[PDB]
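Asker: Sequence, then structure. It's an experimental one.
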Amino acid sequence: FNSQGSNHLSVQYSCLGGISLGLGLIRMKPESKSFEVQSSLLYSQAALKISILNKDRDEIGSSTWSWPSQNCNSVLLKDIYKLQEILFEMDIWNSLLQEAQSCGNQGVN
Amino acid sequence: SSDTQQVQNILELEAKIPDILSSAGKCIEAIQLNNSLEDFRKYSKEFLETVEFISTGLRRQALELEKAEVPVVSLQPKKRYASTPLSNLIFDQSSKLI
Amino acid sequence: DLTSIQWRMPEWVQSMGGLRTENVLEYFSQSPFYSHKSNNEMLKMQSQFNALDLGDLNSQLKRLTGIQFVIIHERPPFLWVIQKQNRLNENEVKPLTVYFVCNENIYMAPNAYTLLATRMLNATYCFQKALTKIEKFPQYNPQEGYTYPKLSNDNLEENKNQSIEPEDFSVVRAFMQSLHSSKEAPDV
């Protein structure tokens, strides 16, 4: 798709879908020979840690989300998958804590 | 040509233009330096071809783009949710998540 | 050479105390600009013959054929117009350069076209020179566009329309505006 003042393309990295729309700002990177792409992220990487705090809020149960691993020939497309994964964790946890609204009806806070 | 192939045709059409300037500097060289009418007699039968034939190739890439009739407006996507490969692959992860 | 250049032997004027009438052609006779087969000088040769038979100047001059340096417009006490000419008859004249008293200098009058060509040449030269040690620094790209390479950019630091769906002042501009309003806020 057409993009902004960047003159580049506006590819939808989030072609597979999620919630909030996502298009990568294609960007030439002279060091890379290829042309590495980034978005609005300040974060270098992101996902979703989970764990069970005790009465002392010591660890009990715990885990963390992990995406299935794409292994496409183009690492660029792989990073499209990565930014997809990012917008994914975004839209989900943001929607959830946005929904946190009335969590208090059975003690959840 | 289909998909990228028209664009690819332009991509290898890319280098077809800059050397036309070599042919043209030589068009000047024909009398400025080489001092022979025969040279530009040939390159006027070359420069105009190397330029214009590419120009026609371009104008036909565009007019036949206008035959292919690709829409110019970008659709505003609905907030897409889940394509099937995404869904079942997430299920594959769920197996991995077991 | 014939333009704005010094050629002075002031002590002659120091003796004369300045020019009078025919004595302008004396210091002018000292000048290269003076011609030898001018009627002023061939009848200077007449001064070396007849001597007495020259009158003022123009009577003996213009009646006789050849190069001359006639006087028409005095500008006391500095300039005096004196055009070069070539009589072809006792009646006919074929005027040349207006030599003029540039004060301790006398010059041929330049063509307008000379200076005009100087202006044209120097201006287009400024254009071409603008194209010289300046051009081809903004290297073109279809994508990047023109480029401006640097060891360090700072200092400071037909496409697409539809896309994704500072103000270096910290709104300081409006703050200054408010300062304009507020400096006389008590006053107004």
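Answerer: Sure thing, it's come through. Numbering: from 1, shown residues only, chains lettered A, B, ... in the order given.

Asker: So what touches the biggest helix by length in chain B?
Answerer: For chain B, the helix with the greatest residue count under DSSP state H is helix B:47-63. By C-beta atoms under 8 Å, 6 or more residues apart in numbering or on different chains, the surrounding residues in contact with helix B:47-63 are B:6, B:9, B:10, B:13, B:16, B:17, B:19, B:20, B:23, B:24, B:27. The way it works is simple: take the backbone N, C-alpha and C, and place the C-beta from them, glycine included.

Asker: Stretch B:24-34 now?
Answerer: With contacts defined as C-beta under 8 Å, 6+ apart, stretch B:24-34 is touched by B:36, B:37, B:38, B:39, B:40, B:41, B:43, B:44, B:47.

Asker: hmm, 7 Å instead?
Answerer: Residues outside stretch B:24-34 that contact it (C-beta atoms under 7 Å, 6 or more residues apart in numbering or on different chains): B:36, B:39, B:40, B:43, B:44, B:47.

Asker: Need the CA coordinates for that stretch. CSV is fine.
Answerer: Extracted C-alpha coordinates of stretch B:24-34, given in CSV (Å, rounded to 0.1, in the frame of the first residue of the first chain):
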residue,chain,number,x,y,z
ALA,B,24,24.8,10.5,-26.3
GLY,B,25,28.1,11.7,-25.0
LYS,B,26,29.4,9.7,-27.9
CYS,B,27,26.8,11.5,-30.1
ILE,B,28,28.7,14.6,-29.2
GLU,B,29,32.0,12.8,-29.6
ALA,B,30,31.1,12.0,-33.2
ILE,B,31,32.0,15.5,-34.4
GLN,B,32,33.4,17.2,-31.2
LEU,B,33,36.2,14.6,-31.1
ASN,B,34,36.0,11.7,-33.5
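
Asker: Could you tell me which residues within that stretch count as buried?
Answerer: Within stretch B:24-34, the residues that count as buried by 16 or more other C-beta atoms under 10 Å in any protein chain shown are B:24, B:26, B:27, B:29, B:30.

Asker: Can you list which of the residues you listed are found in helices?
Answerer: Mapping the buried residues of stretch B:24-34 onto helices (DSSP H) picks out B:24, B:26, B:27, B:29, B:30.

Asker: which of those lies closest to residue C:107?
Answerer: Of all these, residue C:107 sits closest to residue B:29, with 46.9 Å by C-beta to C-beta.

Asker: rewinding a little: so which two of the buried residues of stretch B:24-34 are the farthest from each other?
Answerer: B:24 and B:30 (10.2 Å).

Asker: Next, residue A:62: phi, psi?
Answerer: phi -170, psi 160 (degrees, to the nearest 10).

Asker: Quick check: it vs chain B, distance?
Answerer: With distances taken as C-beta to the nearest C-beta, to the nearest Å, residue A:62 is found 14 Å from chain B.
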